[PDB]
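Close look at the chain arrangement
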Amino acid sequence: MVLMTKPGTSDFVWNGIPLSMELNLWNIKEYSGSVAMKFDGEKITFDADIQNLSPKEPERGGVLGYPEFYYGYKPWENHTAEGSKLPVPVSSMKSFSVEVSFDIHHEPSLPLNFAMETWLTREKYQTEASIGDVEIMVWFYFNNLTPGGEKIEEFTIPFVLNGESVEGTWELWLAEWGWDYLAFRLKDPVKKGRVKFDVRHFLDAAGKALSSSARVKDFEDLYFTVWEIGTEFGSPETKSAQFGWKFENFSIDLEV
């Protein structure tokens, strides 16, 4: 159904859910080698064997790319597939569960993570995030990579792993950049498996962590715009990257 072999975005429908896939190499100046992202109606796969890498914005440090798929409106791209129910204000979200099976492989030293995220914005359809907005990530896996900012707290948050109810311990990392960056990183990373969890628990934790903020105000009034799922990779010193992944059994349930 969808095959992309260079940076780009395509919409698709998976189990009746309208989505967008983005072979996202946003911070890569140029590369040699190959990338391929595919959706065949039942699974999305991504593979990369690229070299000659260097950051597009060196001084910002951080990752090189984030191949991913998402439901909703991604502000930085002013894009959403047609028929999405997002954005919705945080306060209207009773629940938003996400379930997916994943299998990630990568050369051993590669800075990489399996991360999902949303952007909470003051206006519904912004084209950028700035002071007053929030980026919230949820990392189920990481290899030789720490989130931006610094660790400020740990949260116990439940989820279903391979069909079993478990309690994860999540480190919350915070950075105040052009917007507020919050990353919850699971202490026992999982490289492969199936997870089902409710985004509402992460939004509840973020709100508690930002209640004293001088930048983020009226947290519950922000708009939950999108749910992105992918793998960030790279660092300012990564010159080549070989990894790939497969996502299957995806579903989301939004209750407002």
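Residues numbered from 1 in each chain as written, not as in the entry; some residues may be left out. Heavy atoms only, no water.

- Regarding how it was determined, this PDB entry cites X-ray crystallography in its header, along with a resolution of 1.93 Å.

- Looking up the chain in the PDB entry gives the name Endo-1,4-beta-glucanase, with the organism given as Thermotoga maritima.
- Recorded in UniProt under Sequence similarities (unreviewed entry), the annotation for the chain is "Belongs to the glycosyl hydrolase 12 (cellulase H) family." (UniProt positions renumbered as here; feature names shortened; annotations may be inferred.)

**Re the overall build of the chain**
- Scanning the chain for helices and strands turns up 1 helix and 17 strands.
- Expected size for 256 residues packed as a compact globule is a radius of gyration near 18 Å; at 17 Å, the chain falls within 12% of this value.
- C-alpha extents for the chain along the principal axes are approximately 45 × 40 × 35 Å.
- For the chain, with 256 residues in total, the buried portion stands at 55%.
- Sequence separation of 24 or more characterises 73% of the internal contacts of the chain that already satisfy a separation of 6 or more. (Helix = DSSP H or I, 4+ residues; strand = E, 2+ residues; numbered from the N terminus. Rg over C-alpha atoms; globule rule 2.2 N^0.38 Å. Buried < 20%, exposed > 50% of the residue type's maximum accessible area, 1.4 Å probe, protein only. Contact = heavy atoms within 4.5 Å.)

**Considerations on unusual backbone geometry**
- Looking along the chain, the bond that leaves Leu86 and enters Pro87 is cis, with omega of 0°.
- If you check the backbone angles, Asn52 has positive phi at about 60° while not being a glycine.
- Tracing the sequence through the fold places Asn52 in the loop between β5 (43-51) and β6 (68-72).
- According to the relative accessible area criterion, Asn52 is partly exposed, its value standing at 46%.
- The backbone of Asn162 sits at a positive phi, close to 50°, despite the residue not being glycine.
- Here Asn162 lies in the loop between β11 (150-161) and β12 (164-176).
- Residue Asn162 is classed as exposed on the basis of its relative accessible area of 51%.

**Regarding the pattern of salt bridges**
- Scanning all chains against the criterion turns up 14 salt bridges.
- A salt bridge links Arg200 to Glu220; the nearest nitrogen and oxygen atoms lie 3.1 Å apart. A residue pair is termed long-range when its members are at least 10 positions apart, and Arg200 in helix α1 (residues 199-209) and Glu220 in the loop between α1 and β15 (223-224) qualify at 20 residues.
- Overall, the relative accessible area of 33% leaves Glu220 in the partly exposed class.
- Here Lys246 and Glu248 are joined by a salt bridge, their closest N and O atoms 3.9 Å apart.
- A residue is classified by how much of its surface remains accessible, and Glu248, at 28% relative accessible area, is partly exposed. (Salt bridge = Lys/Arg side-chain N within 4 Å of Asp/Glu carboxyl O.)

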